[PDB]
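For reference, the structure is listed below as C-alpha coordinates.
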Amino acid sequence: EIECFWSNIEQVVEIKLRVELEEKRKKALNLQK
Amino acid sequence: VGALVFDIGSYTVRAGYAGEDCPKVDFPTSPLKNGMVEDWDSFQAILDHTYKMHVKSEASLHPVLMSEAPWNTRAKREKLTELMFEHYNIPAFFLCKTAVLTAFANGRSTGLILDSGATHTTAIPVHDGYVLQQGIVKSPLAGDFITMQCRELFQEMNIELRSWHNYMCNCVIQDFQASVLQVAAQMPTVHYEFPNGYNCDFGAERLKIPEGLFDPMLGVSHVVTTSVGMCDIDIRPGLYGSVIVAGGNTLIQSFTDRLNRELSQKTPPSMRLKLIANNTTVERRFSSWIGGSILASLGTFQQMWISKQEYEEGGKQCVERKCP
(Lines give C-alpha, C1' and ligand atoms only; values in the text may rest on other atoms or scores of the structure.)
Protein backbone atom coordinates (compact mmCIF):
# COMPACT_ATOMS: atom_id res chain seq x y z
CA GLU A 1 0.00 0.00 0.00
CA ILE A 2 2.84 2.40 0.79
CA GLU A 3 4.46 1.42 -2.52
CA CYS A 4 1.21 2.31 -4.29
CA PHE A 5 1.22 5.67 -2.49
CA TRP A 6 4.79 6.34 -3.61
CA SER A 7 3.98 5.30 -7.19
CA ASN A 8 1.06 7.75 -7.18
CA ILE A 9 3.47 10.43 -5.96
CA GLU A 10 5.85 9.34 -8.73
CA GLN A 11 3.12 9.92 -11.31
CA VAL A 12 2.51 13.38 -9.86
CA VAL A 13 6.26 14.06 -9.96
CA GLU A 14 6.52 13.00 -13.60
CA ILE A 15 3.55 15.12 -14.68
CA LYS A 16 4.91 18.11 -12.76
CA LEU A 17 8.34 17.61 -14.34
CA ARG A 18 6.82 17.51 -17.83
CA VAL A 19 4.73 20.61 -17.10
CA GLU A 20 7.79 22.43 -15.76
CA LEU A 21 9.84 21.66 -18.87
CA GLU A 22 6.92 22.84 -21.01
CA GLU A 23 6.76 26.06 -18.99
CA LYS A 24 10.53 26.41 -19.43
CA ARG A 25 9.98 26.23 -23.19
CA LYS A 26 7.18 28.80 -22.90
CA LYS A 27 9.34 31.14 -20.82
CA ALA A 28 12.19 30.90 -23.32
CA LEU A 29 9.76 31.61 -26.16
CA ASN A 30 8.35 34.67 -24.40
CA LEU A 31 11.85 35.90 -23.51
CA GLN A 32 13.04 35.69 -27.12
CA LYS A 33 9.73 37.30 -28.14
CA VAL B 1 -10.77 13.48 13.84
CA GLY B 2 -7.50 13.68 11.93
CA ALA B 3 -5.42 10.62 12.74
CA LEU B 4 -2.71 11.30 15.32
CA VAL B 5 0.79 9.85 14.94
CA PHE B 6 3.20 9.62 17.87
CA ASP B 7 6.79 8.44 18.09
CA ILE B 8 7.83 7.48 21.62
CA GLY B 9 11.50 7.37 20.69
CA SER B 10 14.12 6.95 23.39
CA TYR B 11 15.70 10.43 23.35
CA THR B 12 13.07 12.74 21.84
CA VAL B 13 9.33 12.15 21.40
CA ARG B 14 7.86 13.20 18.04
CA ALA B 15 4.10 13.69 17.74
CA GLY B 16 1.75 15.04 15.11
CA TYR B 17 -1.20 14.41 12.83
CA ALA B 18 -1.15 11.76 10.12
CA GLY B 19 -1.85 14.24 7.34
CA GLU B 20 0.63 16.88 8.56
CA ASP B 21 4.23 16.85 7.37
CA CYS B 22 6.16 17.50 10.58
CA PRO B 23 5.74 16.35 14.18
CA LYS B 24 4.14 19.52 15.53
CA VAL B 25 5.73 18.77 18.92
CA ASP B 26 9.24 17.38 19.41
CA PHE B 27 10.46 17.38 23.01
CA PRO B 28 12.99 15.29 24.94
CA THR B 29 11.79 11.88 26.07
CA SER B 30 13.30 8.15 31.10
CA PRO B 31 10.98 5.12 30.91
CA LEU B 32 12.71 3.85 27.73
CA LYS B 33 16.29 3.19 28.80
CA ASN B 34 16.86 -0.11 27.01
CA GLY B 35 14.47 0.64 24.13
CA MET B 36 11.00 -0.27 25.41
CA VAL B 37 8.75 0.80 28.28
CA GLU B 38 10.64 0.51 31.56
CA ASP B 39 8.17 2.44 33.74
CA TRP B 40 4.48 2.08 32.90
CA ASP B 41 3.46 4.84 35.31
CA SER B 42 5.99 7.29 33.86
CA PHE B 43 5.21 6.25 30.28
CA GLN B 44 1.49 6.73 30.92
CA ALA B 45 2.15 10.12 32.53
CA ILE B 46 4.23 11.33 29.58
CA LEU B 47 1.58 10.11 27.14
CA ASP B 48 -1.09 11.99 29.10
CA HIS B 49 1.11 15.08 29.04
CA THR B 50 1.33 14.58 25.28
CA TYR B 51 -2.38 14.46 24.49
CA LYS B 52 -3.39 17.15 26.98
CA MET B 53 -0.56 19.71 26.98
CA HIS B 54 1.32 19.05 23.75
CA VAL B 55 -1.61 18.55 21.34
CA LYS B 56 -4.50 19.88 23.48
CA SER B 57 -6.92 17.12 22.53
CA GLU B 58 -8.56 14.12 24.16
CA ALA B 59 -7.55 10.60 23.17
CA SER B 60 -11.19 9.49 23.01
CA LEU B 61 -11.79 11.18 19.64
CA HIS B 62 -8.82 10.78 17.29
CA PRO B 63 -7.54 7.43 16.03
CA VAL B 64 -4.08 6.73 17.40
CA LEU B 65 -0.90 5.14 16.07
CA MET B 66 2.17 4.29 18.14
CA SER B 67 5.59 3.03 17.08
CA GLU B 68 7.81 0.60 18.99
CA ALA B 69 11.44 -0.44 18.71
CA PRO B 70 12.30 -3.33 16.35
CA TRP B 71 13.74 -5.50 19.13
CA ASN B 72 11.04 -4.75 21.72
CA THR B 73 9.58 -7.79 23.43
CA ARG B 74 6.04 -9.00 22.87
CA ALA B 75 4.83 -8.49 26.44
CA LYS B 76 5.65 -4.80 25.96
CA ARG B 77 3.27 -4.63 22.99
CA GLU B 78 0.53 -6.55 24.80
CA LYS B 79 0.71 -4.36 27.90
CA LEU B 80 0.90 -1.29 25.65
CA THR B 81 -2.42 -2.11 23.99
CA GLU B 82 -3.98 -3.01 27.34
CA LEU B 83 -2.93 0.29 28.91
CA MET B 84 -3.78 2.44 25.90
CA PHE B 85 -7.24 1.02 25.23
CA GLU B 86 -8.28 0.72 28.88
CA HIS B 87 -7.09 4.14 30.01
CA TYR B 88 -7.35 6.50 27.03
CA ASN B 89 -10.27 4.79 25.25
CA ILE B 90 -9.11 5.47 21.69
CA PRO B 91 -11.33 4.41 18.76
CA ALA B 92 -8.65 2.48 16.87
CA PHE B 93 -5.00 1.57 17.38
CA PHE B 94 -1.92 0.33 15.56
CA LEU B 95 1.71 -0.46 16.33
CA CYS B 96 4.65 -0.29 13.94
CA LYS B 97 8.40 -0.78 14.08
CA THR B 98 10.50 2.37 13.83
CA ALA B 99 12.81 0.81 11.24
CA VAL B 100 9.82 -0.10 9.08
CA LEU B 101 8.56 3.48 9.35
CA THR B 102 12.03 4.70 8.33
CA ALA B 103 11.97 2.47 5.24
CA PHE B 104 8.43 3.63 4.41
CA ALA B 105 9.37 7.29 4.81
CA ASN B 106 12.04 6.73 2.16
CA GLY B 107 9.50 5.08 -0.13
CA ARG B 108 11.64 1.93 -0.21
CA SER B 109 9.94 -1.09 1.35
CA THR B 110 12.98 -3.36 0.95
CA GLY B 111 15.80 -1.74 2.89
CA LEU B 112 18.47 -1.82 5.55
CA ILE B 113 18.08 0.73 8.34
CA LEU B 114 20.84 2.19 10.51
CA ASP B 115 19.52 4.06 13.53
CA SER B 116 20.65 4.97 17.03
CA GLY B 117 19.18 6.37 20.20
CA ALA B 118 19.73 6.40 23.93
CA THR B 119 22.34 3.68 24.65
CA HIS B 120 21.75 1.79 21.37
CA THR B 121 22.64 1.80 17.69
CA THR B 122 21.06 -0.91 15.55
CA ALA B 123 21.09 -2.28 12.01
CA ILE B 124 17.84 -3.80 10.74
CA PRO B 125 17.21 -5.40 7.33
CA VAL B 126 13.59 -4.98 6.22
CA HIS B 127 12.37 -6.98 3.22
CA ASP B 128 8.94 -6.10 1.81
CA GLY B 129 8.19 -4.29 5.06
CA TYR B 130 8.99 -7.18 7.42
CA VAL B 131 11.78 -6.78 9.95
CA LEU B 132 14.04 -9.83 9.97
CA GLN B 133 14.38 -10.34 13.71
CA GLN B 134 17.20 -12.85 13.27
CA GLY B 135 19.17 -10.33 11.19
CA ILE B 136 19.09 -7.34 13.55
CA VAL B 137 22.46 -6.27 14.94
CA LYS B 138 22.46 -4.07 18.05
CA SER B 139 25.55 -2.28 19.35
CA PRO B 140 26.23 -0.07 22.39
CA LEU B 141 28.24 2.49 20.37
CA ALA B 142 25.26 4.84 20.34
CA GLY B 143 25.16 8.62 20.34
CA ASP B 144 25.37 8.43 24.13
CA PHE B 145 28.87 6.93 23.93
CA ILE B 146 30.14 9.68 21.62
CA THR B 147 28.48 12.40 23.70
CA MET B 148 30.15 10.92 26.79
CA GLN B 149 33.50 11.06 25.00
CA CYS B 150 32.63 14.73 24.49
CA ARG B 151 31.70 15.17 28.15
CA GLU B 152 34.90 13.49 29.37
CA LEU B 153 36.99 15.67 27.07
CA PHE B 154 35.18 18.78 28.34
CA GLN B 155 35.80 17.77 31.95
CA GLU B 156 39.46 17.33 31.02
CA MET B 157 39.25 20.88 29.65
CA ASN B 158 37.89 21.58 33.17
CA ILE B 159 34.94 23.67 31.97
CA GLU B 160 31.87 23.72 34.21
CA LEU B 161 29.88 21.77 31.62
CA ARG B 162 18.76 20.20 39.75
CA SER B 163 17.89 17.78 36.95
CA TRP B 164 17.51 20.70 34.54
CA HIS B 165 21.24 21.41 34.86
CA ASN B 166 22.01 17.84 33.78
CA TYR B 167 19.58 18.22 30.87
CA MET B 168 21.45 21.37 29.86
CA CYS B 169 24.75 19.47 30.08
CA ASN B 170 23.46 16.72 27.79
CA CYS B 171 22.04 19.27 25.36
CA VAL B 172 25.30 21.25 25.12
CA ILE B 173 27.31 18.10 24.49
CA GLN B 174 24.69 17.36 21.82
CA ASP B 175 24.68 20.94 20.51
CA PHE B 176 28.48 20.85 20.30
CA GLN B 177 28.27 17.65 18.24
CA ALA B 178 26.19 19.21 15.47
CA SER B 179 28.41 22.26 15.00
CA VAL B 180 31.91 20.91 15.68
CA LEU B 181 32.28 17.17 15.30
CA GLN B 182 33.31 15.94 11.85
CA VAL B 183 34.25 12.39 10.88
CA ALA B 184 46.89 18.23 14.05
CA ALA B 185 45.45 15.77 11.54
CA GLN B 186 42.40 18.07 11.39
CA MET B 187 44.11 21.46 10.87
CA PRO B 188 42.80 24.64 12.58
CA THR B 189 39.18 24.36 13.70
CA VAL B 190 36.10 26.19 14.97
CA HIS B 191 35.69 28.71 17.81
CA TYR B 192 32.35 27.35 19.04
CA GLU B 193 31.29 29.45 22.02
CA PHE B 194 29.27 28.44 25.07
CA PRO B 195 26.24 30.52 26.10
CA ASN B 196 28.42 32.19 28.75
CA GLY B 197 31.08 32.90 26.10
CA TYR B 198 33.59 30.18 27.01
CA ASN B 199 35.22 28.31 24.14
CA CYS B 200 38.49 26.87 22.85
CA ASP B 201 40.13 25.92 19.56
CA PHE B 202 38.32 22.58 19.22
CA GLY B 203 41.08 20.84 17.31
CA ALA B 204 41.80 17.16 16.70
CA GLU B 205 39.14 16.22 19.27
CA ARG B 206 36.50 16.83 16.59
CA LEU B 207 38.13 14.05 14.55
CA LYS B 208 38.95 11.64 17.38
CA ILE B 209 35.54 11.80 19.10
CA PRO B 210 33.45 10.55 16.13
CA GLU B 211 36.07 7.86 15.50
CA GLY B 212 34.68 5.93 18.48
CA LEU B 213 31.66 4.53 16.66
CA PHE B 214 34.05 3.08 14.07
CA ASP B 215 36.94 2.31 16.44
CA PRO B 216 36.63 3.05 20.19
CA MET B 217 32.64 -3.37 20.57
CA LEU B 218 31.18 -3.67 17.07
CA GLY B 219 31.34 -0.47 15.04
CA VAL B 220 28.56 0.61 12.73
CA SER B 221 30.15 -0.74 9.54
CA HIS B 222 30.73 -4.11 11.20
CA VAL B 223 27.24 -3.98 12.69
CA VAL B 224 25.68 -3.67 9.24
CA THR B 225 28.06 -6.06 7.47
CA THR B 226 27.28 -8.85 9.93
CA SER B 227 23.57 -7.92 9.99
CA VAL B 228 23.27 -8.81 6.30
CA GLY B 229 25.44 -11.87 6.89
CA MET B 230 22.80 -13.23 9.27
CA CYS B 231 19.95 -12.53 6.84
CA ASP B 232 18.89 -14.48 3.76
CA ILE B 233 21.51 -15.40 1.17
CA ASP B 234 20.03 -13.94 -2.02
CA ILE B 235 18.19 -10.84 -0.74
CA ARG B 236 21.53 -9.37 0.34
CA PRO B 237 22.10 -7.41 -2.92
CA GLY B 238 18.74 -5.74 -2.32
CA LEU B 239 19.73 -4.50 1.13
CA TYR B 240 23.04 -3.01 -0.01
CA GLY B 241 21.27 -1.14 -2.80
CA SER B 242 18.79 0.15 -0.22
CA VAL B 243 20.82 1.09 2.87
CA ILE B 244 19.10 3.89 4.80
CA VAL B 245 19.96 5.89 7.92
CA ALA B 246 17.71 7.66 10.41
CA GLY B 247 17.73 9.32 13.81
CA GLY B 248 19.03 12.65 15.08
CA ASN B 249 21.92 10.93 16.84
CA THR B 250 23.31 10.13 13.38
CA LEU B 251 23.79 13.85 12.59
CA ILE B 252 27.55 14.27 12.26
CA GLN B 253 29.47 15.97 9.48
CA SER B 254 30.70 13.60 6.74
CA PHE B 255 29.30 10.76 8.85
CA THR B 256 27.32 9.34 5.93
CA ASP B 257 30.34 9.83 3.67
CA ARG B 258 32.52 7.76 5.99
CA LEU B 259 29.81 5.10 6.12
CA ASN B 260 29.69 4.99 2.32
CA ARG B 261 33.48 4.63 2.12
CA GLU B 262 33.52 1.92 4.81
CA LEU B 263 30.78 -0.12 3.16
CA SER B 264 32.16 0.33 -0.36
CA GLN B 265 35.60 -0.90 0.70
CA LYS B 266 34.04 -3.66 2.83
CA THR B 267 31.38 -4.73 0.35
CA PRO B 268 32.55 -6.55 -2.79
CA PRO B 269 33.47 -3.84 -5.32
CA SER B 270 31.04 -5.31 -7.84
CA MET B 271 28.07 -4.65 -5.56
CA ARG B 272 25.51 -1.87 -6.06
CA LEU B 273 25.84 -0.50 -2.52
CA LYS B 274 24.34 2.96 -2.10
CA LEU B 275 23.28 5.19 0.79
CA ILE B 276 20.14 7.31 0.64
CA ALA B 277 21.23 10.79 1.73
CA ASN B 278 18.45 12.02 3.99
CA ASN B 279 21.32 13.68 5.81
CA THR B 280 19.59 16.86 7.00
CA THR B 281 18.79 17.01 10.70
CA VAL B 282 15.14 17.67 9.87
CA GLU B 283 15.05 14.60 7.63
CA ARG B 284 16.60 12.21 10.13
CA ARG B 285 14.52 13.46 13.06
CA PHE B 286 11.26 13.31 11.10
CA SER B 287 11.97 10.07 9.21
CA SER B 288 10.24 7.63 11.56
CA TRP B 289 7.31 9.93 12.31
CA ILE B 290 7.07 10.56 8.57
CA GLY B 291 6.61 6.86 7.93
CA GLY B 292 3.99 6.64 10.65
CA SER B 293 2.16 9.62 9.17
CA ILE B 294 2.10 8.12 5.67
CA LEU B 295 0.98 4.76 7.07
CA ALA B 296 -1.89 6.42 8.92
CA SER B 297 -2.97 8.69 6.06
CA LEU B 298 -3.70 6.04 3.43
CA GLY B 299 -7.21 4.78 2.81
CA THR B 300 -6.26 1.25 3.85
CA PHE B 301 -5.20 2.22 7.37
CA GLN B 302 -8.94 2.24 8.08
CA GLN B 303 -8.77 -1.57 7.76
CA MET B 304 -5.29 -2.12 9.25
CA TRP B 305 -5.84 -0.49 12.64
CA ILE B 306 -7.01 -2.30 15.76
CA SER B 307 -10.48 -0.84 16.17
CA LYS B 308 -11.82 -0.51 19.70
CA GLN B 309 -14.33 -3.18 18.65
CA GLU B 310 -11.41 -5.59 18.22
CA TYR B 311 -10.08 -5.02 21.74
CA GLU B 312 -13.59 -5.33 23.17
CA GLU B 313 -13.89 -8.69 21.42
CA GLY B 314 -10.40 -9.88 22.38
CA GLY B 315 -7.63 -8.84 24.71
CA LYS B 316 -3.91 -8.26 24.24
CA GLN B 317 -3.65 -11.04 21.63
CA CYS B 318 -4.71 -8.63 18.87
CA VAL B 319 -1.34 -6.84 18.82
CA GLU B 320 0.58 -9.90 17.65
CA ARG B 321 -2.23 -10.65 15.19
CA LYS B 322 -2.84 -7.22 13.65
CA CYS B 323 0.61 -5.59 13.88
CA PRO B 324 3.57 -7.16 12.00
Side-chain angles (χ1 to χ4, degrees), chain A, chain B residues 3 5 17-21 63 65 67 92 94-111 113 124 126-131 235 238 241-242 244 246 276 278 283 286-306 322-324:
Chain A
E1 199 67 5
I2 280 77
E3 270 186 350
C4 193
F5 156 85
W6 277 99
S7 189
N8 222 68
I9 293 292
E10 183 94 28
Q11 285 153 21
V12 178
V13 167
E14 180 38 1
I15 209 179
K16 200 224 73 164
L17 185 269
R18 297 269 74 78
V19 144
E20 284 313 340
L21 278 298
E22 185 57 29
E23 208 41 13
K24 162 66 56 43
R25 138 51 45 191
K26 192 290 312 173
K27 288 165 76 166
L29 188 144
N30 185 275
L31 185 280
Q32 65 89 52
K33 162 56 69 170
Chain B
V5 177
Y17 295 166
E20 103 189 323
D21 276 293
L65 180 143
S67 63
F94 190 77
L95 261 199
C96 204
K97 275 59 176 273
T98 58
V100 175
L101 295 187
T102 294
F104 285 3
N106 283 263
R108 189 173 294 88
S109 57
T110 180
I113 298 89
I124 304 101
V126 302
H127 180 255
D128 271 14
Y130 189 67
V131 169
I235 77 87
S242 64
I244 290 149
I276 281 66
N278 40 344
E283 272 179 310
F286 299 1
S287 177
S288 68
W289 186 97
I290 275 294
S293 77
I294 295 162
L295 190 282
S297 71
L298 307 186
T300 312
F301 182 70
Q302 295 54 30
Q303 309 77 324
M304 314 183 32
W305 55 33
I306 303 168
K322 192 71 76 103
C323 303

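Labels below follow one simple rule: chain letters A, B, ... track the order of the sequence lines, proteins then strands, and each chain is numbered from 1. When reading the values below, keep in mind they use all heavy atoms of this one structure, side chains included, and skip hydrogens, waters and symmetry mates.
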Distance col, row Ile2(A):CD1 vs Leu295(B):CG, nearest 0.5 angstrom, shows 4.5 Å
Would you find more than 12 non-hydrogen atoms of other residues, nucleotides or ligands less than 6.0 Å from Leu17(A) atom CG? yes
Anything under 3.5 Å between chain B and chain A that's a donor-acceptor pair? List each one with its distance, please.
unit_1, atom_1, unit_2, atom_2, d
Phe104(B), O, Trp6(A), NE1, 3.1
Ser109(B), OG, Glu3(A), OE2, 2.9
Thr300(B), OG1, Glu1(A), OE2, 2.4

The side-chain contact (heavy atoms from CB on, under 4.5 Å) partners of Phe286(B) (sequence neighbours excluded) come to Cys22(B), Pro23(B), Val282(B), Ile290(B)
Applying a strict 4.5 Å limit to non-hydrogen atoms, the region of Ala103(B) in contact with chain A is neither
